[PDB]
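>>> Return atomic coordinates for the entry below.
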Amino acid sequence: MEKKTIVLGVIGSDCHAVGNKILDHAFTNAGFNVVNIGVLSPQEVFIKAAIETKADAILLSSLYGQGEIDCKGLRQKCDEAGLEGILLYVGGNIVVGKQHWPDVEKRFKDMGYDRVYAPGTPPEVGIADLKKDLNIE
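Numbering: from 1, shown residues only. The relevant structure is shown in the block below.
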């Protein structure tokens, strides 16, 4: 028996000396096995980093980086991995707006798992959401 094993790649948030809505009730205020792995690097190196980050959740809170984010980048890895419990989520970003229309990301959303949560999403963004796609893994 164990808790979940979620991660968020690239750069998410850490309300320590930032102050956000991430540790509201859950994310890590729950007690999950959360890792916050750094920026985008080689997907073959993120594959090795997936051995460790064999996290059923990997919300790559990407601020525009890697092959169409870690969508074409790491989800292609996820595909040629096994896409077992590994749900690929996205987030972060800056100037969005066109993140509630793109039938392309939303293509890979219903086509995989690649959902996205950027500032505008609930106070427990891709948290209760990575849990959605974990409950729809």
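>>> make it CA atoms for all contacts and neighbour counts henceforth
Fine.
>>> residues touching the residue nearest to the spatial centre of the chain, list them.
In the chain, the centroid-proximal residue (CA atoms, centre = their mean) is residue 59; its distance is 0.6 Å. Taking CA atoms under 8 Å, 6 or more residues apart in numbering, we find residue 59 in contact with 7, 8, 9, 88, 89, 90, 91, 126, 130.
>>> Ramachandran angles for it?
phi -80, psi 100 (degrees, to the nearest 10).
>>> For it, name its beta-bridge partners.
residue 89 (DSSP bridges).
>>> What segments of this structure are strands?
For the chain, applying DSSP state E gives strands covering 5-8, 33-36, 57-60, 87-91, 115-117.
>>> distance between the second one and the chain's centre?
It refers to strand 33-36. Computed by CA atoms, centre = their mean, to the nearest Å, the chain-centroid distance of strand 33-36 equals 11 Å.
>>> what does the third one give?
From the chain centre to the centre of strand 57-60 is a distance of 2 Å (CA atoms, centre = their mean).
>>> got it, and the first one?
Between the centre of strand 5-8 and the centre of its chain there are 8 Å (CA atoms, centre = their mean).
>>> Also the shortest one?
Shown here is strand 115-117, whose average C-alpha point lies 8 Å from the average C-alpha point of the whole chain (CA atoms, centre = their mean).
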